[PDB]
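Written out below as structure tokens is the structure these notes cover.
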């Protein structure tokens, strides 16, 4: 099962529905749910930090990102919070607007397996990762965003700037399935 921290964004239920659609159970929990409380249930195979408006009211995500012994996928805000947690930088970039963005996949990684090196993702660029944390690498970029995706090189932690959980993201379910694979799910 995948635990979804609700950071307040409006696509949180889409994450549940997208996971379920590929046959993965998930549970939406307040973003103030302690790490120890999430990890107390061995059914929890991984954590998704959802999108949301305010990085200050998602502070608890920083502890989870740093100290969880489970795989983590941060989505938009979640991606930014992982960056902060590991000493990266984030800031305002473009202007708030959801647009189909052409995303280029820069290297072979588990997150983008069976995803074309070029695909259209549903994204806002209100904010972005400005400096990638020490020990992380860039997985993907667009013409307006240098860090559309990243991973921790030595921990199973992933960030995506865009929303794979909306139907408008090409291969968005494949990207969720790939995360679930790292969490020990198989899709044969």
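Heads up, the Cβ atoms here are built off N, Cα and C, so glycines get one too.
As given in Swiss-Prot:
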- 76: active site, nucleophile (ACT_SITE)
- 163: active site (ACT_SITE)
- 165: active site (ACT_SITE)
Spatial neighbours, same chain, of residue 165 (active site) - Cβ under 8 Å, 6+ residues apart: 11, 14, 15, 17, 18, 75, 172, 176
Residue 163 (active site) and the residue listed as 'active site, nucleophile', Cα-Cα, nearest whole angstrom: 7
Surrounding CB atoms that lie within 10 Å of the CB of residue 76 (active site, nucleophile), all protein chains: 25
Number of other Cβ atoms within 10 Å of the Cβ of residue 163 (active site) across all protein chains: 25
